[PDB]
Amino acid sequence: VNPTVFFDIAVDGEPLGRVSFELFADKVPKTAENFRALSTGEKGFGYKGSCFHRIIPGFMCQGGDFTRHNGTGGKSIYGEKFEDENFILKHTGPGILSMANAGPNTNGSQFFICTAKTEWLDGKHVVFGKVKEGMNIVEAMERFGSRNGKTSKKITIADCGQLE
């Protein structure tokens, strides 16, 4: 029974809506657990109040850099970084949740949500969940991002946690 987690998104402090995700703990357990734990904040840190630093319309929404807020940071529940667990699952379309990284076996906390099929990232980024509800809210986030990823307003995870 795969976990469900939610993000409540704010544009410049003002509520936008809720995105929920199924985490594929059945296929990517170690990676699902890191995201589930960081969403609930139960280990004393996580996504709550963190930034979506890079939004590229037609491509993806990236965030989860809760230590440097700009794409150069983050940390896992297992230490600063952890392995690519496997590459069983693929970037099949919009809504796919996948780990960002800075090379092989460099996963921390940064993740991205796909707004298109991104097949080329297969074997390179670990897919561990997908958007369950509120894809329309990820599409609304998309509209504050730019060609180079810089957001026009501050997009944040106002609140996050587990639903199931």
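A residue's number is simply how far along the shown sequence it sits, counting from 1.
In this crystal structure, the stretch out of 97-105 and 36-44 whose C-alpha atoms carry the higher mean B factor is 36-44. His53: CA B factor lies in the lowest third for its chain, per the PDB record. Per the deposited record, the Cα B-factor of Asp159 falls in the middle third when ranked against the other modelled residues of its chain.
Ranked within its chain, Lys117 lands in the middle third, by CA B factor from the PDB record. The deposited CA B-factor of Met135 belongs to the middle third of values across its chain.
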